[PDB]
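Undergrad: Before we start, here is the structure in question, set down as structure tokens.
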Amino acid sequence: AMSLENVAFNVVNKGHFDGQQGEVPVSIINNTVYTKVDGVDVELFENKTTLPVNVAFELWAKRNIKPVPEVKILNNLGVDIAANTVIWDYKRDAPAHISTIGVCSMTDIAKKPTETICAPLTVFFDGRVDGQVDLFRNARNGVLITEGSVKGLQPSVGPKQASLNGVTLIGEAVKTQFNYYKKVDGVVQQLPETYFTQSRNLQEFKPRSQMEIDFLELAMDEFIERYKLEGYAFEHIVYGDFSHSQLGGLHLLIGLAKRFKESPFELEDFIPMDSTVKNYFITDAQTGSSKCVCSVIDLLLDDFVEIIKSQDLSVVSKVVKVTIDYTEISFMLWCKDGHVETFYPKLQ
Amino acid sequence: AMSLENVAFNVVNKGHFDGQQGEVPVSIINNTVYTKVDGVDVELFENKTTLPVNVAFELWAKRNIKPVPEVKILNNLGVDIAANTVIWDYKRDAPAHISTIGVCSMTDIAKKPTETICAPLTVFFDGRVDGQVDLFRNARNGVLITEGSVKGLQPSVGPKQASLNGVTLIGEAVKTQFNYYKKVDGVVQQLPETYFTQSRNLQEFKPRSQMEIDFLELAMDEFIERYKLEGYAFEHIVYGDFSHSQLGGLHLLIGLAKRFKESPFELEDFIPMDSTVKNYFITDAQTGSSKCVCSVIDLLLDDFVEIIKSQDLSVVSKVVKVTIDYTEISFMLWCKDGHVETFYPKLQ
Amino acid sequence: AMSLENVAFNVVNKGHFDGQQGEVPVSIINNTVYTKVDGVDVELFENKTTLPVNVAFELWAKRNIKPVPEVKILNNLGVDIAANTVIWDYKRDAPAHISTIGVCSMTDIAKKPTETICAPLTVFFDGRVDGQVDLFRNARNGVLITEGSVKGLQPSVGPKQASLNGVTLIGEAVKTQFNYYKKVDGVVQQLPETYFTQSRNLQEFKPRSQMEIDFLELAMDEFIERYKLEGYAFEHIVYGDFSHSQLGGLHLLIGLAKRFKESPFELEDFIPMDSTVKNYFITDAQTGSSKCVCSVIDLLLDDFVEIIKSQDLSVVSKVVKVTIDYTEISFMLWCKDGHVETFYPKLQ
Amino acid sequence: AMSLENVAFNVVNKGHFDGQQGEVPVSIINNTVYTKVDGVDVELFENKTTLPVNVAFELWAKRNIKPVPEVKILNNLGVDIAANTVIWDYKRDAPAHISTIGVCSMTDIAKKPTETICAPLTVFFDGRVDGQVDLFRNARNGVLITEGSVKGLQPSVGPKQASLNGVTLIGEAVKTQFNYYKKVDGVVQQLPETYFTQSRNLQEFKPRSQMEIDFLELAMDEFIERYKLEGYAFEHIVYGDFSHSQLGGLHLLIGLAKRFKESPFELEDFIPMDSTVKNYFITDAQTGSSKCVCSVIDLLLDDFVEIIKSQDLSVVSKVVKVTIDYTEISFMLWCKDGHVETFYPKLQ
Amino acid sequence: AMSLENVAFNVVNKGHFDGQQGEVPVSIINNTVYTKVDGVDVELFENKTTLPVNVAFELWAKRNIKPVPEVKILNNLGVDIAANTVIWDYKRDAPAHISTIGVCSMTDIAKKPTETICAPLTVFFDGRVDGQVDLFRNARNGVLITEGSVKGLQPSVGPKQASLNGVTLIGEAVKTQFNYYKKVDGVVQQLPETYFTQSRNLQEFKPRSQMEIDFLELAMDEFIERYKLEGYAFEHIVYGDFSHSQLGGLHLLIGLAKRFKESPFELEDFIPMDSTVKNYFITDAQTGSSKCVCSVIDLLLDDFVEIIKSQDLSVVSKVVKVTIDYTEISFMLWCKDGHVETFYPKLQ
Ligand SMILES: NCCNC(=O)Nc1ccccc1
Ligand SMILES: NCCNC(=O)Nc1ccccc1
Ligand SMILES: NCCNC(=O)Nc1ccccc1
């Protein structure tokens, strides 16, 4: 017994859609949903999606309010659709997937993922919901997340962090570390050995190791000195060269976090989505140095050190593929006389 | 248990709102309501009101599908609101009135007209609906329409025609002639002795008397000759002078209907509504004669003849008030040497 | 090398998309596409779809400009998508189908119909285009139209009429009669023995038989007298009873065409689309008789006569299914004492 | 003392802007202007321009309500701007020109055409307004229209017809024939000896000569027989060949008017504007013959006869330039053995 | 070979328009540009201008990504248009100028500034681009910026700061100090002796002299004591009187910066543009003192001290013109008994 008036009632009284019965009066003026809160109109939802205002209002209200895998993780694992839930893409103010299953009649391609329409698309299954583990076992294609062990299935320990209502966090009061399982054409998969991006902010960056505390506390030539990083171009790649017209290096988030405490800079996110490697148009406000496409990746500093140290420095330029967030991230490794000139994530 | 999905279901399955239960999936794109009719979107309603698309969609679907008094008649009788119905302005694609009573939660000022909010408003009562005659008796202000007699209430036989879903007709299968009753401050006000406009189109004009058949068939100087209309300026007022830069006279619809069979002309309705006197920006396409404000009124030709003949032709210019459609329409009667120079509905 | 500027160039110089190279300057204001035609903006396309203005502009410009099966025929044959073409719904100003194949990158689900995404969808194949007959043979699901014979494939002679740029016509300079072929699950399905709706207008109705000329020329009780239609309720079903508040019968377009010459009436098409049975909210402007859902079907008069005469008139009410336009149209046949009380296309 | 409320007051009380003082309350909902006409909103103007709703509302209200040269004539004479008036494009619901002079502050580039900004623009001068003849004499570039003689200035008798509020007419009550004068770089340019298009409609076409009455009344092979048009392909060019898939010829409006009485056809005006040669996407509804770009020009039949007969028929294909409406319209004259194969307005 | 799909491709892959070939699929939904980044739509640009979404998307992507003079500087120097570049007005989310030269076909008035259309408008020339110095020499009117010396031309050292992608900075990695050259009607100009506004933020204000460090560090009556500012009303003008209903003085940004560390206040920028003197509706959140138009100018404290000290204090009120940012800023100097009562930038 779904309706715009019942969906808005749930937003008004339960904070989101809770299946409760009741209706509040709604008015729609363009791409914005309002409700008469005694006399005057109070805005419940502003549509920022490509979907019709009422269809997207419902999807937003029927979003998952539990910690779910980050959109980048789901996209890297070829997830197409979610089973009986809406993964809200909080960085895009839109539903993460094209269609739904058993959620909104207007976006729904199926009511249950058992239907032939779902057979070819990798349906996401939340093992924390009743019966979704068995739905994954019978599903032709899928991605399952579980909190604990699944009999028979070989687990793949995912990232420590998950998204709770847009907030990317490492849960303490809730579990955010999941077991990943992927299936392709009925065959259970052996997920790759992978690294995970730390998914941190520039404003609230916090070091997650002793190397990260030493990088943020110690001066440039003494962090490298302590960690034997001579000839790995950390001064260029991680610290960033702000001396010339084009901003040099600055590809690890920890370097942007360190440059931030001292001086600010503009990061223009021209493709605002969730990806393992993010591209920014940076302008360092102090020096005036700038770059149009500056690929910034947030790896744990020890992980980037372990990646660059596990490399061959003989050729001038080669493509270094690294499995990060279940995806093959290509990097361009530039060299000269046994040392790194630059090592940035490849612009593909 | 009202909702956009239940209103749209009723539009799809009953042609309008019929109180039936059920829901169809709806999408709102700007000011237009669509429903997925197997695979693709079919438009159910295009919003042309100043109300939000969904609020107006509901009002339109909950419109009166029975013959109701023409909007001009309701406007002349100082009607402000309708009791438990929506009177639709098919001339402007919008509800004839600002607020509702027991229809739409978003426009509703009351559920029943007995409430104190309705006391100073002239609520329209349809005596054809159960209990609306008594609601008129207790209502402080109102306008009642009945098919037959109401005990004690002095009747006022209204126009032969009524609006059935936009179609202004003289009913045969239904009753379009009503009894009018008005009350102001709790006192039943006596309705004036009035004329009624024939509410006809220019494309489908049809004469409604022998004088009207003689006017549309005979030549100019022989219609006047037969009906002794010498000295009343019917050549200017009713026939229309298309000889100078400014179009002369042409104020009776029957004259526009006669000029239409021979030659076309552009009538720019710059204030699109239903009024007893309509103002048009006319451009006669044959001669090129034109007028910016040309007040055109559709009275029965015999009625205009009976109005002008009964007028005193001694003074040069006087204001002639005539009760038409329950409103006092002022006219400017111009004269010279015992004859009418011009007689037009006065520009206030 | 597709672009909004190349699509608009083709609209400006070729009348539609013709694959020609070149670009005209375009501006987009809301849901409307304009081109600067020396100094000022001339409107090339007004978006009436639920697709983005530029995505729909391209689909409209890349429409099929050859006679194609009417949208109702394609909808009755379960057609979901078109192979490398856009079938335009001129009745709703929008593409007849949700997605495209090898036409627009933004709507495209595939470049060629051979792809696994097209396997469960009924792809429409135009046998008049090179290689589309073989594509139908290999396609898991499809609907093929051919001008002549296809070896092995059992033909189904479709309607005489087809849609040429919105114009439903019976071609003389072009072939509008096609051979239909349908396949489901990789199996060529036998098309039913069917009737075809004449797809005519109310304004320009033209009789297509001697019975139709006799119906439009003769009086009521002498058309029935000549065609021995005693006891079949043609006075109610085909002629229409305009005597009571609710309009009786009037379910054959030929009856609406005959009532039209004498008097006008309002037909509110509340679900604007192309269907075998159309539902209208009729208001006869002369009598005032009206119906909310009046199912009107345009069969050839001889076909409706042949359908009703062959029916058994013993039971009071039975569901009469008739195959019209490849769909099983249900009808409710009401009877009493060996004669038809009413026989209308059943309201599901 | 200009304002949206004063402009709307003038629209409401004078039919257009008349410089009168006063203000009515206005509301703007999207691209539409409304005024509260007692209780409810009545629409005064729907914006169809690329200008802001209020800026265009004012331009429309301050339009020229006198007969002015047709937009095509002004466009052919290189007119860029109007002096202290707004020439309205009733064919596109927008001001014919980009900027204004002494009309709207928001579009105004100058208050008077004497200003240096107007010097390289061809300002249109209406000699019927006080002082505009002298403004033309001092204006570096301009186009002047006068009713009578201007001393020293060599006249160019323009078309018999002019546009009066969208209505293209040959004035009787007003003068529609003007004297044209053009100046370029401060030098009075001699206007060419030209033909004029008759500017007629397909619905209300009326012959304007004995040849045109004979063409619309007589059969094909006897109109040509009477007017000695053997060997000029009037059967193809003017009559139109509806026998093959592509519609042949049909380039004179009189041929479309003659084909119209018998059978209808769809003319898709894909570039909606006023031009000497119009391009249409025609689909003959009877035969099914069609053309994507069918250049249709409305010349007087005698004028087209006089153009084609005077042409040399020796070469296979040559470009025939003809001065029509002050513009050199190119035509492609195709020939074989002393006769015309085709003669159409050339597709540039 | 320009197009919406090529412009968006460049935004997606190069961070801005870089002339690279390629096309990404785009959808336009109202005033917002999106691109399908695998499955779902990612927003590339939200239109905040008065230009059509696609025309303004292109201008934004084709913006100058090098340090250019601040919009206020260009407006003060009468710059009308830019030569073969787009100066983005980052404070207005729009292109700084009406038209373009050799950038966007839809805004372009010329391809090269040598054209007669550019002769009367002051074209901005960037001497850092090849051949723009010579274009300035031949240009009738222009404003040239060079990094170094131009033979013959007398330089005018502009501000230390320039705008790099919205970021107003004093370049270290790039040059931001330019040489200004202006030309009027072919005559090279002697630019005025001028002051420059420091163009600083309230959040990140940084002192740029010893007087500014003493003002931000020292208490009120000891800064004045040290700098002999007795009788110059710095307590009112620069410090600000927050004791009465109307906020007194507070006209120098350094005073707003000092009041900010202690307590916050609301600055309503009701005309959000870049001007030498900015007008704000201030409300001091601590005291409740407020002003509707509070003219705030960011001069270096030593410059304001040198301006007020270089004044005559005899008359009660006079207009003090000061050349700041190449424009004549008027100030109202109020006095009594040989001292300043107030000295604020004049409200013109
Ligand atoms: N002829 C005037 C018709 N227009 C309206 O009736 N507009 C309206 C309706 C409801 C609320 C506000 C305005
Ligand atoms: N009679 C229905 C026609 N309407 C449509 O066909 N709408 C549409 C087209 C493409 C994508 C989504 C909706
Ligand atoms: N047939 C073209 C008519 N369209 C316009 O004239 N558009 C317009 C008007 C004023 C400013 C910008 C565009």
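Following the order of the structure tokens, chains are lettered A, B, ..., residues in each are numbered from 1, and ligands are numbered from 1.
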Once DSSP has gone over the backbone, tell me which residues of range 11-220 of chain E are in strand (DSSP E), as number ranges by chain.
TA: E: 26-28, 32-37, 40-46, 81-82, 88-89, 94-95, 100-101, 108-110, 123-126, 142-146, 156-157, 162-164, 167-169, 179-184, 187-188
Undergrad: Can you tell me, as a PyMOL selection string, what residues are no more than 10 Å from range 54-64 of chain B when counting only C-alpha atoms, ignoring any on the same chain fewer than 2 positions away?
TA: (chain A and resi 25-29) or (chain B and resi 2-4+6-8+10-11+15-19+28+31-33+44-52+66-68+84-90+93-95+100+103-107+163-165)
Undergrad: Store the residues picked out above in a file with C-alpha atoms, as an mmCIF file, in the first residue's frame.
TA:
```
data_model
loop_
_atom_site.group_PDB
_atom_site.id
_atom_site.type_symbol
_atom_site.label_atom_id
_atom_site.label_comp_id
_atom_site.auth_asym_id
_atom_site.auth_seq_id
_atom_site.Cartn_x
_atom_site.Cartn_y
_atom_site.Cartn_z
ATOM 1 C CA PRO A 25 0.021 15.947 2.847
ATOM 2 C CA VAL A 26 2.761 16.596 0.274
ATOM 3 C CA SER A 27 3.329 19.257 -2.451
ATOM 4 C CA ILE A 28 5.905 18.940 -5.274
ATOM 5 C CA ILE A 29 7.421 22.139 -6.713
ATOM 6 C CA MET B 2 -5.798 9.563 -0.187
ATOM 7 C CA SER B 3 -2.582 9.440 -2.269
ATOM 8 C CA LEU B 4 -1.053 10.452 -5.632
ATOM 9 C CA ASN B 6 -4.730 6.260 -5.642
ATOM 10 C CA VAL B 7 -5.756 9.491 -7.462
ATOM 11 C CA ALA B 8 -3.860 8.358 -10.568
ATOM 12 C CA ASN B 10 -8.848 6.418 -10.401
ATOM 13 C CA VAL B 11 -7.888 8.609 -13.409
ATOM 14 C CA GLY B 15 -11.833 8.334 -16.021
ATOM 15 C CA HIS B 16 -11.774 10.576 -12.918
ATOM 16 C CA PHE B 17 -11.689 10.223 -9.090
ATOM 17 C CA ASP B 18 -14.466 7.809 -8.041
ATOM 18 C CA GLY B 19 -13.337 6.920 -4.474
ATOM 19 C CA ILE B 28 6.405 13.543 -11.863
ATOM 20 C CA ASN B 31 4.635 20.219 -14.012
ATOM 21 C CA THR B 32 3.483 16.950 -15.715
ATOM 22 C CA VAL B 33 2.104 13.665 -14.193
ATOM 23 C CA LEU B 44 -2.137 11.616 -17.306
ATOM 24 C CA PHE B 45 -2.100 15.388 -16.574
ATOM 25 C CA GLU B 46 -0.171 18.549 -17.584
ATOM 26 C CA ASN B 47 -0.213 21.195 -14.869
ATOM 27 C CA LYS B 48 -1.292 24.622 -16.091
ATOM 28 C CA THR B 49 -2.265 25.974 -12.555
ATOM 29 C CA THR B 50 -0.174 28.043 -10.049
ATOM 30 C CA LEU B 51 -0.662 25.008 -7.589
ATOM 31 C CA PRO B 52 1.944 22.255 -7.247
ATOM 32 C CA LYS B 66 -22.226 16.809 -13.462
ATOM 33 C CA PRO B 67 -23.646 19.982 -15.152
ATOM 34 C CA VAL B 68 -22.648 22.911 -12.921
ATOM 35 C CA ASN B 84 -17.214 19.209 -1.002
ATOM 36 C CA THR B 85 -16.490 19.413 -4.812
ATOM 37 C CA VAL B 86 -14.090 21.062 -7.302
ATOM 38 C CA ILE B 87 -15.536 23.325 -9.994
ATOM 39 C CA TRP B 88 -13.031 23.259 -12.831
ATOM 40 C CA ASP B 89 -12.171 26.233 -15.019
ATOM 41 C CA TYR B 90 -11.862 24.501 -18.364
ATOM 42 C CA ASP B 93 -7.136 24.718 -17.013
ATOM 43 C CA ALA B 94 -7.370 25.410 -13.261
ATOM 44 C CA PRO B 95 -9.763 25.078 -10.263
ATOM 45 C CA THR B 100 -11.440 23.502 -1.047
ATOM 46 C CA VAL B 103 -11.688 17.402 -1.082
ATOM 47 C CA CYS B 104 -7.867 17.804 -1.038
ATOM 48 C CA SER B 105 -5.929 18.020 2.259
ATOM 49 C CA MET B 106 -3.470 20.493 0.719
ATOM 50 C CA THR B 107 -6.074 23.007 -0.476
ATOM 51 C CA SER B 163 -21.159 23.450 -18.138
ATOM 52 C CA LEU B 164 -20.841 19.662 -18.452
ATOM 53 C CA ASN B 165 -17.071 18.837 -18.392
#
```
Undergrad: Counting only C-alpha atoms, what is within 10 Å of range 230-232 of chain A, bar same-chain residues fewer than 6 positions away, as a CSV table (one decimal) with C-alpha atoms, in the first residue's frame?
TA:
```csv
chain,number,residue,atom,x,y,z
A,221,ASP,CA,64.4,14.6,5.1
A,224,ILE,CA,62.7,9.4,4.7
A,238,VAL,CA,54.0,12.0,-1.3
A,305,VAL,CA,56.0,2.2,0.8
A,308,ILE,CA,57.0,1.1,-4.3
A,309,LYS,CA,59.6,-1.0,-2.5
A,313,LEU,CA,63.6,0.4,-11.0
A,335,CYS,CA,62.7,5.9,-13.3
A,336,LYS,CA,66.4,7.0,-13.9
A,337,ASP,CA,69.7,5.6,-12.7
A,338,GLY,CA,68.2,3.1,-10.2
A,339,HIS,CA,65.8,5.5,-8.6
A,340,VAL,CA,62.1,6.6,-8.9
A,341,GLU,CA,61.6,9.9,-10.8
A,342,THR,CA,57.7,9.7,-10.2
A,343,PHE,CA,55.2,6.9,-9.4
```
Undergrad: Residues within 8 Å of residue 146 in chain E, please, as a PyMOL selection string. Count only C-alpha atoms; anything in the same chain fewer than 3 positions from it doesn't count.
TA: chain E and resi 126-128+149-150+178-180
Undergrad: Check which residues of chain D sit at most 8 Å from chain C using only C-alpha atoms, and return one row each with the closest pair of atoms and their distance in Å to one decimal, ordered by chain and rising number, as JSON lines.
TA:
```
{"residue": "D:50", "atom": "CA", "partner": "C:29", "partner_atom": "CA", "distance": 6.7}
{"residue": "D:80", "atom": "CA", "partner": "C:39", "partner_atom": "CA", "distance": 7.9}
{"residue": "D:92", "atom": "CA", "partner": "C:42", "partner_atom": "CA", "distance": 7.1}
{"residue": "D:96", "atom": "CA", "partner": "C:40", "partner_atom": "CA", "distance": 7.3}
{"residue": "D:97", "atom": "CA", "partner": "C:40", "partner_atom": "CA", "distance": 6.6}
{"residue": "D:98", "atom": "CA", "partner": "C:40", "partner_atom": "CA", "distance": 6.2}
{"residue": "D:242", "atom": "CA", "partner": "C:173", "partner_atom": "CA", "distance": 6.8}
{"residue": "D:243", "atom": "CA", "partner": "C:173", "partner_atom": "CA", "distance": 5.1}
{"residue": "D:244", "atom": "CA", "partner": "C:173", "partner_atom": "CA", "distance": 5.0}
{"residue": "D:245", "atom": "CA", "partner": "C:173", "partner_atom": "CA", "distance": 5.4}
{"residue": "D:266", "atom": "CA", "partner": "C:167", "partner_atom": "CA", "distance": 7.4}
{"residue": "D:270", "atom": "CA", "partner": "C:44", "partner_atom": "CA", "distance": 6.2}
{"residue": "D:271", "atom": "CA", "partner": "C:44", "partner_atom": "CA", "distance": 6.1}
{"residue": "D:272", "atom": "CA", "partner": "C:42", "partner_atom": "CA", "distance": 6.4}
{"residue": "D:273", "atom": "CA", "partner": "C:42", "partner_atom": "CA", "distance": 7.0}
{"residue": "D:280", "atom": "CA", "partner": "C:15", "partner_atom": "CA", "distance": 7.7}
{"residue": "D:281", "atom": "CA", "partner": "C:15", "partner_atom": "CA", "distance": 6.3}
{"residue": "D:283", "atom": "CA", "partner": "C:165", "partner_atom": "CA", "distance": 7.3}
{"residue": "D:285", "atom": "CA", "partner": "C:169", "partner_atom": "CA", "distance": 6.0}
{"residue": "D:286", "atom": "CA", "partner": "C:169", "partner_atom": "CA", "distance": 6.7}
{"residue": "D:287", "atom": "CA", "partner": "C:172", "partner_atom": "CA", "distance": 4.7}
{"residue": "D:288", "atom": "CA", "partner": "C:171", "partner_atom": "CA", "distance": 4.9}
{"residue": "D:289", "atom": "CA", "partner": "C:173", "partner_atom": "CA", "distance": 5.4}
{"residue": "D:292", "atom": "CA", "partner": "C:15", "partner_atom": "CA", "distance": 5.2}
{"residue": "D:293", "atom": "CA", "partner": "C:15", "partner_atom": "CA", "distance": 5.8}
```
Undergrad: Output the selection as a JSON list (two decimals), in the first residue's frame - N, CA, C and O atoms for each residue.
TA:
```json
[["chain", "number", "residue", "atom", "x", "y", "z"],
["D", 50, "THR", "N", 13.94, 32.59, -25.66],
["D", 50, "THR", "CA", 15.15, 32.25, -24.92],
["D", 50, "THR", "C", 15.50, 33.41, -23.90],
["D", 50, "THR", "O", 16.48, 33.31, -23.17],
["D", 80, "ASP", "N", 18.79, 44.30, -38.51],
["D", 80, "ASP", "CA", 19.36, 43.73, -37.30],
["D", 80, "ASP", "C", 18.58, 44.11, -36.05],
["D", 80, "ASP", "O", 18.49, 43.32, -35.10],
["D", 92, "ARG", "N", 7.28, 32.46, -34.40],
["D", 92, "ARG", "CA", 8.06, 31.78, -33.39],
["D", 92, "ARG", "C", 7.81, 32.27, -31.99],
["D", 92, "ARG", "O", 8.58, 31.95, -31.12],
["D", 96, "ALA", "N", 11.48, 39.46, -33.17],
["D", 96, "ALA", "CA", 12.23, 39.17, -34.38],
["D", 96, "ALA", "C", 13.73, 39.47, -34.22],
["D", 96, "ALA", "O", 14.54, 38.81, -34.84],
["D", 97, "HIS", "N", 14.08, 40.44, -33.37],
["D", 97, "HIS", "CA", 15.47, 40.86, -33.22],
["D", 97, "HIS", "C", 16.03, 40.70, -31.80],
["D", 97, "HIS", "O", 15.30, 40.80, -30.82],
["D", 98, "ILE", "N", 17.36, 40.47, -31.74],
["D", 98, "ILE", "CA", 18.18, 40.28, -30.54],
["D", 98, "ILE", "C", 18.05, 41.43, -29.53],
["D", 98, "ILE", "O", 17.54, 41.19, -28.43],
["D", 242, "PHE", "N", 3.17, 11.89, -57.05],
["D", 242, "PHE", "CA", 2.99, 11.10, -55.85],
["D", 242, "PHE", "C", 3.03, 9.60, -56.14],
["D", 242, "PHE", "O", 2.42, 8.82, -55.41],
["D", 243, "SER", "N", 3.77, 9.18, -57.19],
["D", 243, "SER", "CA", 3.80, 7.77, -57.58],
["D", 243, "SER", "C", 4.92, 6.94, -56.98],
["D", 243, "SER", "O", 4.72, 5.74, -56.80],
["D", 244, "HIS", "N", 6.08, 7.55, -56.68],
["D", 244, "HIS", "CA", 7.20, 6.77, -56.12],
["D", 244, "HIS", "C", 7.38, 7.00, -54.61],
["D", 244, "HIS", "O", 6.72, 7.87, -54.04],
["D", 245, "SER", "N", 8.28, 6.23, -53.95],
["D", 245, "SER", "CA", 8.56, 6.33, -52.51],
["D", 245, "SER", "C", 8.90, 7.77, -52.13],
["D", 245, "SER", "O", 8.32, 8.29, -51.17],
["D", 266, "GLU", "N", 1.07, 15.72, -44.47],
["D", 266, "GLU", "CA", 1.74, 16.30, -43.31],
["D", 266, "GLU", "C", 2.92, 17.14, -43.73],
["D", 266, "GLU", "O", 3.80, 16.65, -44.42],
["D", 270, "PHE", "N", 10.41, 21.86, -39.89],
["D", 270, "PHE", "CA", 11.45, 21.58, -38.89],
["D", 270, "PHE", "C", 12.31, 22.79, -38.51],
["D", 270, "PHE", "O", 13.02, 22.72, -37.51],
["D", 271, "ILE", "N", 12.24, 23.89, -39.27],
["D", 271, "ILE", "CA", 12.90, 25.14, -38.91],
["D", 271, "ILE", "C", 11.82, 26.23, -38.92],
["D", 271, "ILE", "O", 11.69, 26.95, -39.91],
["D", 272, "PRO", "N", 11.03, 26.32, -37.81],
["D", 272, "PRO", "CA", 9.90, 27.26, -37.76],
["D", 272, "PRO", "C", 10.22, 28.74, -37.80],
["D", 272, "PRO", "O", 10.43, 29.37, -36.78],
["D", 273, "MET", "N", 10.19, 29.30, -39.00],
["D", 273, "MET", "CA", 10.45, 30.72, -39.18],
["D", 273, "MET", "C", 9.81, 31.24, -40.45],
["D", 273, "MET", "O", 9.05, 30.53, -41.10],
["D", 280, "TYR", "N", 10.07, 21.83, -45.98],
["D", 280, "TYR", "CA", 9.13, 20.98, -45.25],
["D", 280, "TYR", "C", 9.43, 19.51, -45.44],
["D", 280, "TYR", "O", 9.93, 19.09, -46.48],
["D", 281, "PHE", "N", 9.07, 18.72, -44.45],
["D", 281, "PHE", "CA", 9.19, 17.28, -44.51],
["D", 281, "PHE", "C", 7.76, 16.84, -44.80],
["D", 281, "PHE", "O", 6.92, 16.77, -43.91],
["D", 283, "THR", "N", 4.70, 14.32, -46.22],
["D", 283, "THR", "CA", 4.23, 12.94, -46.28],
["D", 283, "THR", "C", 2.82, 13.02, -46.85],
["D", 283, "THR", "O", 1.93, 13.50, -46.14],
["D", 285, "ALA", "N", -0.55, 11.85, -47.27],
["D", 285, "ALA", "CA", -1.36, 10.86, -46.56],
["D", 285, "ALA", "C", -2.14, 9.87, -47.44],
["D", 285, "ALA", "O", -2.53, 8.81, -46.93],
["D", 286, "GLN", "N", -2.40, 10.19, -48.72],
["D", 286, "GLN", "CA", -3.15, 9.27, -49.58],
["D", 286, "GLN", "C", -2.25, 8.19, -50.20],
["D", 286, "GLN", "O", -2.51, 7.01, -50.03],
["D", 287, "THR", "N", -1.20, 8.60, -50.90],
["D", 287, "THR", "CA", -0.30, 7.68, -51.57],
["D", 287, "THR", "C", 0.79, 7.12, -50.67],
["D", 287, "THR", "O", 1.24, 6.00, -50.89],
["D", 288, "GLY", "N", 1.25, 7.89, -49.70],
["D", 288, "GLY", "CA", 2.37, 7.48, -48.86],
["D", 288, "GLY", "C", 3.72, 7.98, -49.37],
["D", 288, "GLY", "O", 4.76, 7.68, -48.79],
["D", 289, "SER", "N", 3.71, 8.74, -50.50],
["D", 289, "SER", "CA", 4.91, 9.35, -51.07],
["D", 289, "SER", "C", 5.40, 10.40, -50.07],
["D", 289, "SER", "O", 4.56, 11.05, -49.44],
["D", 292, "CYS", "N", 12.04, 14.44, -47.41],
["D", 292, "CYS", "CA", 12.59, 14.99, -46.18],
["D", 292, "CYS", "C", 12.76, 16.52, -46.25],
["D", 292, "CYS", "O", 12.34, 17.24, -45.35],
["D", 293, "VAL", "N", 13.37, 17.00, -47.34],
["D", 293, "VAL", "CA", 13.51, 18.43, -47.54],
["D", 293, "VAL", "C", 12.81, 18.75, -48.83],
["D", 293, "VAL", "O", 13.26, 18.35, -49.90]]
```
Undergrad: As a PyMOL selection string, which residues of range 56-260 of chain B does DSSP assign to alpha helix (DSSP H)?
TA: chain B and resi 56-61+71-76+132-138+210-217+220-226+234-237+253-260
